[PDB]
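The structure under discussion appears below in the form of structure tokens.
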Amino acid sequence: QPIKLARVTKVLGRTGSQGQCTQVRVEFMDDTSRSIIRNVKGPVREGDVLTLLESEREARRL
Amino acid sequence: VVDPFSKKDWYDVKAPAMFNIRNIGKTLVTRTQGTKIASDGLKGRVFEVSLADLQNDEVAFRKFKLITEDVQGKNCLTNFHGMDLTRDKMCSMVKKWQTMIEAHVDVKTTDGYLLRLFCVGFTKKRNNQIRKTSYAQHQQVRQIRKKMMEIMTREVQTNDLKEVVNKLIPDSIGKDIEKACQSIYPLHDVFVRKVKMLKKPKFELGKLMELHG
Amino acid sequence: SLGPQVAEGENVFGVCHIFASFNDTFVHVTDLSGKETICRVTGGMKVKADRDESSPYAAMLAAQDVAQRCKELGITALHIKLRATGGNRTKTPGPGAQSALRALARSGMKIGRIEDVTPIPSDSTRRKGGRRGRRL
Amino acid sequence: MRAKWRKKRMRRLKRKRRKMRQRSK
Amino acid sequence: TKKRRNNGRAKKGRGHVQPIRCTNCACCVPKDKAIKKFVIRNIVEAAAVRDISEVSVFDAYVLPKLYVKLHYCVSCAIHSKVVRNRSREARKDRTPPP
RNA sequence: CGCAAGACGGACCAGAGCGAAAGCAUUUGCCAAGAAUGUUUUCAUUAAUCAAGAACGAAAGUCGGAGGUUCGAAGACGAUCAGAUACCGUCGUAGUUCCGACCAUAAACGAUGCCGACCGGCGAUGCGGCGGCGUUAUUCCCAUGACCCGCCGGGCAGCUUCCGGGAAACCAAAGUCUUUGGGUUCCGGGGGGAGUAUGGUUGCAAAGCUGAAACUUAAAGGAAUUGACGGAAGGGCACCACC
RNA sequence: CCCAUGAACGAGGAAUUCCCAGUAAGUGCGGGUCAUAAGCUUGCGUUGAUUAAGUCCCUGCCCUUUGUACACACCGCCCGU
RNA sequence: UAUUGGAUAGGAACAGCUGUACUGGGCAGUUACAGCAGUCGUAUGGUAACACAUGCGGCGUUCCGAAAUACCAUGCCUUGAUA
């Protein structure tokens with residue numbers, strides 16, 4: 001099984017219960033065409049990298 | 001503890017020889033061990049296979065049911081069984097502010113292949129029409145449906161089972177209805193949408209080899 | 001496991017009956033006939049929670065084991081046949097259809113012609129619920 | 001009290017009376 | 001008082017219509033009363049369509065849609081936020097939002 | 001892949017049609033009926049509304065026969081819960097279906113009697129008739145079918161007006177009303193006690209129709225206004241809130 | 001002020017308070033009270049962080065619709081054995 | 001090159017009531033605790049039997065394998081005490 005990366009290309013606001021999950025449009029580093037939407041815990045500026053432990057799950061948008 | 005997928009022999013299923021594509025694909029059945037024979041095992045199977053899989057460059061919204069009537073040793077000889085229109089095109093044609101006109105007939109060929117043909121047809125908005133609702137009155141529907149029954153029984157009673165499938169591969173029946181029923185009320189999406197073989201005569205392999213030769 | 005097929009200009013086609021209801025997901029794979037089957041893996045064989053047999057996580061594990069199993073016997077393309085609960089119940093495919101279909105192709109499978117074959121009743125029998133329905 | 005249920009209680013009262021008055025016949 | 005001129009339904013010269021069931025509940029609602037939708041939705045909307053039409057056999061395959069007509073009772077259509085409470089004057093508007 | 005039996009008539013299906021109302025939707029045939037329309041046809045007041053009386057009257061329910069798959073009063077259990085003989089879930093009997101009798105009620109609603117007269121527009125819609133550029137099919141042109149632009153009549157309705165009315169909400173009728181009178185049937189008289197008691201009558205039953213009084217009580221009520229409130233929606237905000 | 005005595009208490013259950021930068025927290029010093037006098041209160045400096053730049057999920061607040069049999073206004077009103 | 005394998009380590013749902021903390025307040029459940037109901041052993045009184053009293057002490061419970069549990073509803077009511 002792989003552990004993959006993804007760079008933050010655009011921020012999409014803030015979700016969760018208490019307003020804690022940042023919804024983010026991430027771009028993969030295998031294909032620079034393949035994008036998914038991801039929920040992130042913790043402070044995120046636009047143009048940093050995340051470690052995806054499963055590269056399959058795509059989150060519920062709004 | 002045993003391995004079930006060792007006793008599985010593959011057979012290349014072949015469409016009848018009135019098509020452009022012959023090999024449909026592979027089917028597996030168990031090896032002929034003891035009582036249960038393989039040559040009686042894969043002999044009752046239907047393959048719902050689209051027209052894009054059978055003709056050169058056709059439409060993908062018409063599926064043919066094909067039954068295997070013979071196993072010639074690593075070769076199935078598939079006979080014409082039925083025909084169906086896909087969920088997609090059938091559900092795309094049915095829209096509000098127009099009249100849907102269905103017909104059915106129970107008619108046999110020159111050989112004893114008793115079929116059941118279903119027709120559908122929808123009313124057209126004219127190329128300058130301003131009025132929205134665009135319906136047909138009951139005596140206009142009854143005359144269209146009467147001619148739908150007439151053309152279906154006409155163009156199936158004349159000829160045998162090859163010549164009616166070759167009338168369904170290009171939809172020569174549905175275009176006769178769309179042009180014949182113009183001077184009652186102009187129709188736009190007219191299809192023989194389902195054909196359902198009811199009765200079938202005693203099997204002769206000599207004349208299945210005509211459909212596979 | 002035994003296939004005499006050359007890997008030159010062939011895709012050998014199975015048929016994937018994906019029945020995504022609102023409490024489970026079936027990723028059933030057959031031959032072209034439908035009769036002889038290869039592999040079916042459900043959402044409830046991947047989680048130990050009756051809650052999450054529905055889940056979109058479990059439905060992608062079902063397709064990952066289906067695609068692992070289908071490669072060993074040697075079926076490399078799929079005719080998808082999507083399905084809901086149907087009858088006088090809901091025609092909406094459940095919340096783990098798009099997980100079981102995403103995860104199929106990305107496990108090295110080839111997608112053929114697709115169709116939504118939910119059993120639509122032309123004039124059904126009386127629906128379970130009663131006149132005033134389900135009062136939550 | 002809902003008028004249906006009030007009407008249902010006056011209905012059972014009158015079955016009780018018709019029953020208990022068919023005794024004195 | 002009388003809230004709506006038509007009594008929140010679309011029968012004017014009948015007396016009786018055929019009732020139908022809801023989808024989420026099975027509340028047996030008259031056909032002309034019910035809040036009806038007809039959604040024509042892609043089977044795989046936009047997230048998978050790249051990862052499906054690139055792992056398909058066929059050359060430029062257009063993916064088949066999912067046509068379903070959904071009937072709602074008034075009670076649920078509000079809870080599912082399909083319809084809203086509207087201002088007494090805004091109630092009269094018949095045009096749908098685009 | 002078949003097979004079997006019993007219900008149901010999807011999408012098309014509409015602020016569309018028909019019917020006295022209840023109500024009525026798969027194809028084809030048979031049976032008898034009806035509205036509107038058109039008419040230089042016919043009889044010549046034959047009409048309108050109607051105590052008593054009569055026909056039809058959803059669902060549930062009752063009786064006898066056939067049938068039973070779905071659903072499902074009662075019932076059994078599993079959940080939930082402070083208890084839950086409820087809501088949720090798994091089963092289920094009568095019933096739900098057909099035939100032949102019964103009962104006669106519903107928020108049986110437009111909470112709005114029927115027949116007739118008059119009084120503003122506007123765009124649609126259904127049915128019949130009439131007239132008129134052209135497009136389209138029957139090609140072999142006319143009459144006809146499908147569109148287009150108006151007209152007339154009857155009909156389900158819309159939008160819109162300081163007509164006018166109304167306690168307002170609202171209503172081209174709920175108008176033409178202290179400037180009160182076209183004809184006529186039913187029916188109300190503060191809230192309860194009460195559609196109760198008792199007589200009579202109807203029904204196999206359940207119950208229906210007619211139906212008081214003693215006694216009690218200063219309000220019950222209709223429409224609109226403002227505020228408060230919501231286990232109502234939309235938009236914001238606070239470390240005396242959370243993350 | 002001195003000497004002797006050397007108790008519970010091993011980071012505190014359910015619950016719960018204050019707080020986002022020289023901030024919290026630690027450690028002192030002034031003022032008031034004061035014949036005597038700071039485990040208090042009000043001010044001052046010193047050493048100096050963690051985490052957040054958010055949401056309406058809890059608790060509450062302000063607008064707009066909406067519903068109401070509430071007006072000593074939901075700690076309201078009210079039903080039956 | 002570690003599958004295993006008892007056991008004590010260690011987690012859990014189970015209740016006999018007041019009190020405190022959940023509330024603007026009340027009754028319910030709910031948790032943690034202490035006291036004593038129950039309880040076990042004990043010295044005496046008493047007797048042919050013996051089942052209790054007295055005063056003095058000890059006192060959860062069953063589970064036997066892990067525990068990352070959504071834990072919803074976090075229930076209903078609200079002075080005659082003066083407009």
Looking at the stretch E:71-89, is at least one residue away from RNA strand F (no atom under 16 Å from the Cβ) and either under 30 Å from C:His79 (Cα atoms) or surrounded by 15 or more Cβ atoms within 10 Å (Cβ to Cβ) (or both)? no
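Here is a list: E:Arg4, E:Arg9. Which entry is in contact with a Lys or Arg (Cβ under 8 Å, 6 or more places away or on another chain), surrounded by fewer than 10 Cβ atoms within 10 Å (Cβ to Cβ) and either basic (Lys, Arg) or assigned to a strand (DSSP E or B) (or both)?
Selected residue: E:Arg4, the only one of E:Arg4, E:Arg9 that is in contact with a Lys or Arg (Cβ under 8 Å, 6 or more places away or on another chain), surrounded by fewer than 10 Cβ atoms within 10 Å (Cβ to Cβ) and either basic (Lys, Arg) or assigned to a strand (DSSP E or B) (or both).
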Taking the stretch C:20-38 and the residues there that are within 14 Å of another protein chain (Cβ to nearest Cβ) and part of a strand (DSSP E or B), the one that is nearest to RNA strand H (Cβ to nearest atom) would be C:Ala20
- [ ] Kindly indicate whether any position in the stretch E:58-70 is assigned to a loop (DSSP other than H, G, I, E, B), of a type in the set (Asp, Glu) and either within 15 Å of RNA strand F (Cβ to nearest atom) or touching a helix residue (DSSP H, G or I) at 6+ places or on another chain (Cβ under 6 Å) (or both).
- [x] no
Exactly one of A:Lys41, A:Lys10, A:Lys4 is in contact (Cβ under 8 Å) with a residue 12 or more places away in the chain and within 14 Å of another protein chain (Cβ to nearest Cβ), and that residue is A:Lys4
Filter the stretch B:32-69 for residues that are away from RNA strand F (no atom under 16 Å from the Cβ) and either assigned to a strand (DSSP E or B) or charged (D, E, K, R) (or both); the one that is farthest from B:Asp189 (Cα to Cα) is B:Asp53
Contact list, first residue from the stretch B:149-175 and of a type in the set (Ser, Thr, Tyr), second anywhere and crowded, with 16+ Cβ neighbours inside 10 Å, beta-carbon distance below 7 Å, six or more apart or interchain, is B:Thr153/B:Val105; B:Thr153/B:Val107
Those residues of the stretch B:100-126 which are aromatic (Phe, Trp, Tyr) and closer than 20 Å to B:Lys89 by Cβ amount to B:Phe118, B:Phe122
Log entry, pairs with first residue in the stretch B:42-58 being facing chain C (nearest Cβ under 8 Å) and touching a residue at least 12 places away in the same chain (Cβ under 8 Å), second being among the polar types (S, T, N, Q) and assigned to a loop (DSSP other than H, G, I, E, B), beta carbons closer than 7 Å, six or more apart or on different chains, reads B:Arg45/C:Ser33; B:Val46/C:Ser33; B:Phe47/C:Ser33
If we keep only residues of the stretch A:13-38 that are within 14 Å of chain C (Cβ to nearest Cβ) and among the hydrophobic types (A, V, I, L, M, F, W, C), then the residue nearest to RNA strand H (Cβ to nearest atom) is A:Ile37
Of the residues in the stretch B:182-213, those that are within 12 Å of RNA strand F (Cβ to nearest atom), closer than 16 Å to B:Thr153 by Cα and away from chain C (no Cβ under 14 Å) number 3
Flagged in the stretch C:39-66 as away from RNA strand H (no atom under 15 Å from the Cβ) and within 14 Å of another protein chain (Cβ to nearest Cβ), in numbering order, are C:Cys39, C:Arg40, C:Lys46, C:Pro56, C:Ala59, C:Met60, C:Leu61, C:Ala62, C:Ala63, C:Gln64, C:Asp65
Of the conditions (1) touching a helix residue (DSSP H, G or I) at 6+ places or on another chain (Cβ under 8 Å); (2) buried (at least 19 other Cβ atoms within 10 Å of the Cβ); (3) within 11 Å of another protein chain (Cβ to nearest Cβ), the single one that C:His79 does not satisfy is (1)
Note: among E:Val82, E:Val74, E:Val17, E:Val57, just one is of a type outside the set (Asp, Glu) and facing chain C (nearest Cβ under 9 Å), namely E:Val57
Pairs returned, first residue in the stretch E:1-12 that is free of Cβ contacts under 8 Å to residues at least 40 places away in the same chain and away from RNA strand H (no atom under 16 Å from the Cβ), second residue that is part of a loop (DSSP other than H, G, I, E, B) and not polar (S, T, N, Q), beta-carbon separation under 6 angstrom, 6 or more apart or interchain, are E:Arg9/E:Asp32; E:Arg9/E:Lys33; E:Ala10/E:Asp32; E:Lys11/E:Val17; E:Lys11/E:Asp32
Among residues of the stretch C:34-45 being surrounded by fewer than 20 Cβ atoms within 10 Å (Cβ to Cβ) and either of a type outside the set (A, V, I, L, M, F, W, C) or touching a residue at least 40 places away in the same chain (Cβ under 8 Å) (or both), the residue nearest to C:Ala67 (Cα to Cα) is C:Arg40
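Can you say whether A:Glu46 is of a type in the set (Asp, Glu), surrounded by 14 or more Cβ atoms within 10 Å (Cβ to Cβ) and more than 14 Å from chain C (Cβ to nearest Cβ), as far as the supplied structure shows?
When the stated conditions are applied, A:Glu46 does not pass them.
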Exercise. Can you confirm whether the stretch B:39-59 contains a residue that is closer than 12 Å to B:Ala15 by Cβ and in contact with a helix residue (DSSP H, G or I) (Cβ under 8 Å, 6 or more places away or on another chain)?
Key: no
Of (1) touching a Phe, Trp or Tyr at 6+ places or on another chain (Cβ under 6 Å); (2) of a type outside the set (D, E, K, R); (3) under 30 Å from A:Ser33 (Cβ atoms), E:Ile35 satisfies every one except (3)
The residue that is farthest from RNA strand G (Cβ to nearest atom), considering only those in the stretch B:114-162 that are under 17 Å from the mean Cα position of the chain (by Cα) and among the basic types (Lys, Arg), is B:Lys162
- Message: Any residue that is in contact with a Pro (Cβ under 7 Å, 6 or more places away or on another chain), buried (at least 17 other Cβ atoms within 10 Å of the Cβ) and not basic (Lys, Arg) - is there at least one of those in the stretch E:43-53?
- Response: yes
Every listed condition ((1) at the interface with another protein chain (Cβ under 10 Å from one of its Cβ atoms); (2) within 21 Å of B:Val49 (Cβ to Cβ); (3) more than 16 Å from RNA strand F (Cβ to nearest atom); (4) buried (at least 23 other Cβ atoms within 10 Å of the Cβ)) holds for C:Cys70 save (1)
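Because the Cβ atoms are built from the backbone with ideal geometry, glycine has one as well, and the counts that use them run over all protein chains shown. Values quoted throughout were computed directly from the atomic coordinates according to the rules given, and no laboratory measurement underlies them.
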